[PDB]
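Participant: next input, structure requested:
(5 chains)
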Amino acid sequence: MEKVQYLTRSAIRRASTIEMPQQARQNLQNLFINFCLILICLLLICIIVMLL
Amino acid sequence: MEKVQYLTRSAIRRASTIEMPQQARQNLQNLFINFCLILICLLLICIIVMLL
Amino acid sequence: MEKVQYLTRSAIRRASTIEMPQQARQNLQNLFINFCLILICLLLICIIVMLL
Amino acid sequence: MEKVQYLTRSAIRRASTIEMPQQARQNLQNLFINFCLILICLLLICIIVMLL
Amino acid sequence: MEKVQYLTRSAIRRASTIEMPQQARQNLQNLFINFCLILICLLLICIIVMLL
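Facilitator: Residues are numbered from 1 along each chain as shown, chains lettered A, B, ... in the order given. Sharing the structure here:
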């Protein structure tokens, strides 16, 4: 019953930490950006590899 | 009549939240950046797929 | 005479807002980054289109 | 024995500085992002070189 | 003699401003990120041009 509510809450937690009262938000923000950038780096590596 | 005004306001809201008094601006800022980065990642994926 | 001074000031304004006393700097900072990312996205789109 | 603990701590240090109490977090955050972007730039250079 | 020390200091200055006490760090941080992104944009342009 409330199983789904927990999951819903988990979703909220994921979206609440990134906006937590503490300025640590910038840290998470920094990680998400870094991760996305890393993914791009990997994609570029894969592109180089795939093409060559 | 004021229909357009509401839309205009909606535009303002979109541009006001990103600069809301709260430091949560960084959170939104983080999301826009993440989304843009994600789009790039997808584009790169599409490039890999299209080329290969 | 002072025409050029106004332009010089305009240049300063462009470089002063991004560093305005208010923490809104992050908002502008966010936009410049988003715009640059958007340009990259467009470039990638153009690359996909050009190649394919 | 505690050798591994030191390494574990070193890992924590790497993840603690990026979130240090000071707002200098943004500086580190800036560097990680810059480094990732730089890597992308290099990758792009390598792509240009590899393709051409 | 102290010539090198000045250069060393210059290096420190470059790494001290990005982490200056003022929150203007975000402004510099913004510029480094924008510049890196711009370089990527240019690289992409060069890629489009080189390939096509």
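
Participant: please count neighbours and contacts with C-alpha atoms only from this point.
Facilitator: OK.

Participant: starting at the chain centroid, how far to the lengthiest helix in chain A?
Facilitator: Using DSSP state H to define each element, chain A has its longest helix at helix A:25-51. With CA atoms, centre = their mean, to the nearest Å as the basis, helix A:25-51 stands 11 Å off its chain's centre.

Participant: any bit of stretch A:35-52 sitting next to chain C?
Facilitator: No: figure legend: stretch A:35-52 not in contact with chain C (CA under 8 Å from any CA of the partner chain); closest approach 11.0 Å.

Participant: state the distance from residue A:20 to residue E:33.
Facilitator: Per CA to CA, to the nearest Å, residue A:20 is found 24 Å from residue E:33.

Participant: quick one: which of the two has more around it?
Facilitator: Remark: of residue A:20 and residue E:33, residue E:33 carries more neighbours, 24 against 15, as counted by other CA atoms under 10 Å in any protein chain shown.

Participant: right, and that one touches residue D:33 too?
Facilitator: Yes: applying CA atoms under 8 Å, one finds residue E:33 in contact with residue D:33, separated by 7.0 Å.

Participant: now do the contacts for residue A:46.
Facilitator: residue B:48 (CA atoms under 8 Å, 6 or more residues apart in numbering or on different chains).

Participant: just say helix, strand or coil for residue A:22.
Facilitator: coil (DSSP: H, G, I helix; E, B strand; the rest coil).

Participant: for residue A:28, give me its contacts.
Facilitator: residue A:18.

Participant: give me the nearest residue to the residue nearest the centre of chain A, chain neighbours excluded.
Facilitator: Centroid-nearest residue in chain A: residue A:32, 4.4 Å away (criterion: CA atoms, centre = their mean). Spatially, and ignoring its direct neighbours in sequence, residue A:32 is nearest to residue B:34 (6.6 Å; CA to CA, 6 or more residues apart in numbering or on different chains).

Participant: do residue A:44 as well
Facilitator: Nearest non-adjacent residue to residue A:44 (CA to CA, 6+ apart): residue D:43, at 6.3 Å.

Participant: let's verify the nearest residue to residue A:27 once chain neighbours are set aside: helix, strand, or coil?
Facilitator: Nearest non-adjacent residue to residue A:27, counting by CA to CA, 6+ apart: residue D:19, 5.7 Å away. Under three-state DSSP, the three-state class of residue D:19 is coil.

Participant: how much space between residue D:19 and residue A:23?
Facilitator: 9 Å.

Participant: do residue A:49 as well
Facilitator: For residue A:49, the distance to residue A:23 - CA to CA - is 40 Å.

Participant: you'd agree the residue nearest to the centre of chain A is up against residue B:33?
Facilitator: No: counting by CA under 8 Å, residue A:32 does not reach residue B:33; the two are 9.2 Å apart.

Participant: related to what we said a few turns ago, I figured the residue nearest to residue A:27 was touching residue A:30, is that so?
Facilitator: No: with contact defined as CA under 8 Å, residue D:19 and residue A:30 do not form a contacting pair (9.8 Å).

Participant: wait, residue A:19 touches residue B:27, no?
Facilitator: Yes: with contact defined as CA under 8 Å, residue A:19 and residue B:27 form a contacting pair (5.7 Å).
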